[PDB]
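For reference, the structure discussed in these notes is given below.
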Amino acid sequence: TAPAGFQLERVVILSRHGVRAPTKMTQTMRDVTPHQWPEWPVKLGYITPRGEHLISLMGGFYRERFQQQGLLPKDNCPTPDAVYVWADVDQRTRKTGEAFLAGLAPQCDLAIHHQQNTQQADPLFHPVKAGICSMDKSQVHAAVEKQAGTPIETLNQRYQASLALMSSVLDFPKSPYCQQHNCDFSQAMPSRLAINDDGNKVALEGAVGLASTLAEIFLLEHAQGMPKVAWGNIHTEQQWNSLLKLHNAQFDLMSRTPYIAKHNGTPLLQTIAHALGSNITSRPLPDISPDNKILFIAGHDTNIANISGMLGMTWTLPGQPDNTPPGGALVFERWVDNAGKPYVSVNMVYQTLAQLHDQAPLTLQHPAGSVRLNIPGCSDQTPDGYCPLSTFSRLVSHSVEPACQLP
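Just so you know, the sequence shown maps onto residues 36 to 217, 222 to 446 in the UniProt record's numbering.
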């Protein structure tokens with residue numbers, strides 16, 4: 036528990052959506068294995084009912100935690116002013132918002148907020164897609180190469196054992212892809232950085248990008264509790280970790296790389312900071328009370344990775360091979376000590392892979408996972424993890440791209 040006299044005043048939760056069906060199932064994805072991909076019970080890209088339940092289990096945890104620390108009421112529904120949800124436009128994030136409220140405040144008549152037009156990107160989450168700002172294609176190449184520490188064309192050489200493992204789990208040698216190109224998974228698909236003319240769309244092509252997607256899909260199959268996960272081929276924790284290493288690397292390159300991170304993460308970073316009490320300007324969330332205690336932002340793994348890259352936070356998650364798992368969230372807390380001095384603390388809160396698979400109840404006695412995070416740039420951050428707000432404010436204002444602020 037926190038230091039003597041310390042009081043939790045305000046929380047900002049940046050959460051990934053819950054377990055979802057694969058966003059897409061391409062021809063390449065089908066061709067790299069002779070096995071058939073399992074059918075999901077929802078449309079591609081939608082949160083599953085189980086994904087919603089899992090999220091509500093996390094909302095239950097947050098309720099108990101925020102009651103303990105004095106921020107929410109014991110028993111009683113919270114006032115509507117106390118809790119606010121802003122979700123991205125997608126079905127998966129809106130339903131994540133809704134499921135959070137059902138767990139945080141069961142049978143309370145609360146509702147989420149989101150952009151009015153859901154058929155257009157919300158610039159808070161995707162400023163680049165929404166046309167707020169754009170990147171330079173050449174600077175993207177250099178930044179990504181800098182982040183990998185090596186030419187991207189050689190990336191697969193950093194991940195030979197992981198790729199080989201993905202190859203056996205797929206039975207890639209006996210796949211259609213290989214009867215159409217006659222076979223090694225790494226050699227067949229060298230890494231490359233591809234960017235469109237606009238510099239508005241960037242992707243890692245080749246084996247590490249493809250395997251990142253596949254590995255996440257296997258993790259989601261497990262979290263969904265599907266009868267067969269990767270066709271029975273993942274047996275050990277070591278194999279999970281080795282598969283998901285591809286996915287975390289892909290995210291580091293495509294979303295943590297600071298040049299990319301700041302173009303995509305600036306609006307959220309500014310919004311978070313402002314909710315925490317920074318004197319920095321930010322586009323207001325509609326209908327939010329000055330008296331708001333809990334701001335829950337329902338977004339994506341790319342958002343968390345963006346914020347991570349901007350603030351330089353890294354972590355690994357005990358029992359959870361995905362660094363940005365379904366329902367995992369960055370939880371920013373505003374604390375004041377007894378002299379009234381405000382600090383920021385940041386945790387990565389998540390469900391372990393076993394908590395997802397077992398749909399485990401999350402309570403103070405049987406909690407969600409949680410990792411206390413260092414902010415390297417905050418040189419006056421205390422050993423117990425508090426970052427003075429005045430320092431946190433400066434840090435943010437130096438990390439943002441001014442061209443990507445929401446005007």
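Every residue gets a Cβ at the ideal spot worked out from N, C-alpha and C, and that includes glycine.
Contact belief for residue i with residue j at Cβ below 8 Å, rounded distance in angstroms
i, j, result
"residue 251", "residue 187", "Contact flag wrong, Cβ pair sits at about 14 Å."
"residue 243", "residue 253", "In fact, because the Cβ distance is near 13 Å, the residues do not count as touching under 8 Å."
"residue 387", "residue 358", "Contact doesn't hold; Cβ gap of about 13 Å is too wide."
"residue 159", "residue 310", "7 Å"
"residue 168", "residue 399", "No, residue 168 and residue 399 are not in contact; Cβ-Cβ is about 41 Å, not under 8 Å."
"residue 118", "residue 145", "6 Å"
CB of residue i within 8 Å of CB of residue j, strictly
i, j, result
"residue 328", "residue 116", "yes"
"residue 108", "residue 258", "no"
"residue 208", "residue 222", "yes"
"residue 332", "residue 45", "yes"
"residue 51", "residue 291", "no"
"residue 89", "residue 54", "yes"
"residue 82", "residue 370", "no"
"residue 137", "residue 128", "no"
"residue 228", "residue 249", "yes"
"residue 417", "residue 428", "no"
"residue 413", "residue 404", "no"
"residue 170", "residue 274", "no"
"residue 314", "residue 334", "yes"
Proximal residues to residue i (C-beta, below 6 Å), its chain only, five neighbours per side dropped
i, result
"residue 261", "268 and 396"
"residue 143", "112"
"residue 348", "295, 297 and 300"
"residue 355", "none"
"residue 425", "382 and 384"
"residue 80", "58"
"residue 41", "374 and 376"
"residue 106", "43 and 332"
"residue 91", "134, 137 and 138"
Local conformation of residue i per DSSP, three classes
i, result
"residue 298", "helix"
"residue 409", "strand"
"residue 242", "strand"
"residue 371", "strand"
"residue 337", "strand"
"residue 322", "coil"
"residue 352", "coil"
"residue 161", "coil"
"residue 148", "strand"
"residue 222", "coil"
"residue 401", "coil"
"residue 202", "helix"
"residue 44", "strand"
"residue 386", "strand"
Same chain only: Cβ atoms within 8 Å of residue i, ignoring 5 sequence neighbours per side
i, result
"residue 199", "224 and 225"
"residue 432", "312, 317, 318 and 319"
"residue 407", "93, 96, 388, 389, 390, 394 and 401"
"residue 215", "66"
"residue 307", "49, 159, 160, 336, 338, 342, 345 and 346"
"residue 157", "123, 124, 149, 150 and 165"
Assigned exposure category for residue i - 16 Cβ within 10 Å defines buried
i, result
"residue 304", "buried"
"residue 161", "buried"
"residue 236", "exposed"
"residue 411", "exposed"
Nonlocal neighbours in the same chain, by C-beta distance under 7 Å from residue i, ignoring five residues either side
i, result
"residue 436", "319"
"residue 176", "232"
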